[PDB]
Amino acid sequence: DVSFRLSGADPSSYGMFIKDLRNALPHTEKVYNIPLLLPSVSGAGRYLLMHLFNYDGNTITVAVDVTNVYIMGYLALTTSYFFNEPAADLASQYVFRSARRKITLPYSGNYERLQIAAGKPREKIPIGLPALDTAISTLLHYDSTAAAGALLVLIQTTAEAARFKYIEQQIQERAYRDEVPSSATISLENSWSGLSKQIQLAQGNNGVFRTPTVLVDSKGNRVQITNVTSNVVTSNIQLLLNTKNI
Ligand SMILES: Nc1nc2c(ncn2[C@@H]2O[C@H](COP(=O)(O)O)[C@@H](O)[C@H]2O)c(=O)[nH]1
Ligand SMILES: *[C@@H]1O[C@H](CO)[C@@H](O)[C@H](O)[C@H]1NC(C)=O
Numbered sequence: 001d002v003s004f005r006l007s008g009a010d011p012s013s014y015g016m017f018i019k020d021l022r023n024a025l026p027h028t029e030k031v032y033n034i035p036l037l038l039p040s041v042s043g044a045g046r047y048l049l050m051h052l053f054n055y056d057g058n059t060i061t062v063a064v065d066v067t068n069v070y071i072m073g074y075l076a077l078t079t080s081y082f083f084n085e086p087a088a089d090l091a092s093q094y095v096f097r098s099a100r101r102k103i104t105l106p107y108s109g110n111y112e113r114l115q116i117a118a119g120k121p122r123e124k125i126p127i128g129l130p131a132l133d134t135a136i137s138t139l140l141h142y143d144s145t146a147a148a149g150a151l152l153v154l155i156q157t158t159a160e161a162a163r164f165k166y167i168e169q170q171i172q173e174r175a176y177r178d179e180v181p182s183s184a185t186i187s188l189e190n191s192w193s194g195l196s197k198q199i200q201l202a203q204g205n206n207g208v209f210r211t212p213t214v215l216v217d218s219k220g221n222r223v224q225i226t227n228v229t230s231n232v233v234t235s236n237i238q239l240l241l242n243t244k245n246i
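Each step along the sequence shown adds one to the number in the entry's author numbering, with nothing skipped, and position 89 is 89.
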């Protein structure tokens with residue numbers, strides 16, 4: 001299990017959390033020096049538990065599928081909550097079995113459904129360490145509309161930061177002040193599956209992508225990533241989604 005405390009949190013302690021999160025995900029192989037997540041893991045070993053503590057010291061435990069870094073559900077006091085999707089239902093067979101009750105959220109965990117439930121796109125939801133503290137607080141007490149927004153914050157500040165160093169750094173910049181995600185941040189999130197695939201295909205193709213991946217740079221301009229020498233590959237992406245899961 002991996003842990004993060006918002007009480008006394010700073011950029012360094014957050015960086016240590018994201019390092020721990022990445023380090024927990026199992027892999028046998030690296031592709032261009034980037035850990036390749038496993039095709040599958042059977043049983044309870046599929047799920048990583050993250051213990052998160054808000055500034056007041058209250059906690060949730062979040063279940064993460066170690067093959068795809070997807071959040072499946074979370075435990076808050078004696079109640080578990082899982083996304084309304086088959087992978088989460090399966091997870092609920094293995095984690096938080098001790099919960100007194102299990103609530104299925106009224107949405108799946110994909111960004112599109114969460115944004116609909118929340119009433120707002122990610123572009124307009126501030127992220128940062130204060131926002132993460134707030135998200136943990138929200139998730140302690142069931143409100144499905146508020147939780148959707150909280151879960152968009154939680155997913156970006158854990159999973160997406162684990163996937164991309166750039167996103168980790170963006171959250172570190174927002175240690176004491178929230179700010180809506182940069183356009184480049186959104187682009188990277190949206191491209192993780194595509195990049196993961198092309199980096200794997202590039203082995204066998206001299207490091208050249210079969211199909212370019214289009215991103216937005218931090219300044220605002222659209223760029224094409226065509227091969228493994230790109231900074232996105234050498235110095236940003238930290239985890240690859242297995243092509244078996246794409
Ligand atoms: N269940 C779940 N879906 C997620 C999570 N984080 C991001 N998503 C996103 O929702 C988008 C579409 O995912 P898909 O529904 O195609 O698997 C992707 O960006 C995917 O990564 C998460 O933590 N849990
Ligand atoms: C490889 O990527 C680099 C960095 O963007 C670029 O300058 C170069 O043109 C690319 N080469 C090929 C063959 O795609």
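Yeah, the Cβ is synthetic: ideal placement off N, Cα and C, and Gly gets one too.
Taking only the alpha-carbon atoms, compute the straight-line gap between residue i and residue j and give it to the nearest angstrom.
i           : j           : result
residue 153 : residue 99  : 24 Å
residue 226 : residue 67  : 25 Å
residue 259 : residue 77  : Summary: the structure shown does not reach residue 259, with the chain confined to residues 1 through 246, and so no result is reported for it.
residue 40  : residue 196 : 16 Å
residue 184 : residue 218 : 5 Å
residue 264 : residue 160 : The structure shown has nothing for residue 264, since the chain only spans 1 to 246.
residue 28  : residue 35  : 8 Å
residue 45  : residue 241 : 17 Å
residue 180 : residue 244 : 33 Å
residue 114 : residue 229 : 34 Å
Which residues in the same chain have their Cβ closer than 7 Å to the Cβ of residue i, if we skip the five residues on either side of it in sequence?
i           : result
residue 203 : 31
residue 233 : 32 and 199
residue 7   : 53, 55 and 57
Might you give, ordered along the chain, the residues of its own chain that have their beta carbon closer than 6 Å to the beta carbon of residue i, omitting 5 neighbours on each side?
i           : result
residue 20  : 2
residue 210 : 201
Is the separation between the beta-carbon of residue i and that of residue j shorter than 7 Å?
i           : j           : result
residue 239 : residue 37  : yes
residue 166 : residue 84  : no
residue 131 : residue 178 : yes
residue 91  : residue 63  : yes
Tell me which residues share the same chain as residue i and place their Cβ nearer than 8 Å to its Cβ, disregarding the 5 neighbours each side in the sequence.
i          : result
residue 58 : 136, 137 and 140
Under the DSSP definition of a beta bridge, which residues are partnered with residue i?
i          : result
residue 2  : 50
residue 71 : 64
residue 82 : 73 and 104
Please give me, in chain order, every unbroken run of the alpha helix (DSSP H) with length at least 4 that falls completely inside the region 10–60. Positions of the alpha helix (DSSP H) runs, each at least 4 residues long and wholly inside the region 10–60, are given as 11–24 in order along the chain.
Inside the region 89–143 only - alpha helix (DSSP H) runs reaching at least 4 residues: Inside the region 89–143, DSSP marks whole alpha helix (DSSP H) runs of 4 or more residues at positions 111–118 and 129–139, from first to last along the chain.
Quick check for students: name the residue ranges of the beta strand (DSSP E) that lie wholly in the region 154–238, counting only runs of 3 or more. If we require 3 residues or more, the beta strand (DSSP E) runs fully inside the region 154–238 come out as 208–216 and 222–227.
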